[PDB]
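Read-outs: derived from the displayed coordinates by stated rules, not from any lab.
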Amino acid sequence: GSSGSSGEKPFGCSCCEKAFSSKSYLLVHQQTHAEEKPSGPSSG
Ligand SMILES: [Zn+2]
């Protein structure tokens, strides 16, 4: 249906469905995926 993207975001993450405006931002965001990864023994 009628659905658009807020602001020009030609940059879209690969792991998630997030989008940014400037690569720089997207990059820093990727760092998160390099930590607290979901793949774990399941220990609080
Ligand atoms: Zn991401």
Students often forget the sequence filter, so: which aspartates and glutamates lie under 14 Å Cα-Cα from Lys9 once same-chain residues fewer than 8 apart are removed? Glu17
Relative to the chain, whose Cα atoms define the longest principal axis, helix 23-33 and its Cα axis are tilted in degrees, nearest 10, by 30 degrees
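Taking N as the number of residues in the chain, what value does Rg over Cα atoms divided by 2.2 N^0.38 Å take? Present the calculation step by step, with values, prior to reporting the outcome.
On the way: Rg = 14.0 Å, N = 44, 2.2 N^0.38 = 9.3 Å.
Here the answer is 1.51, to two decimals.
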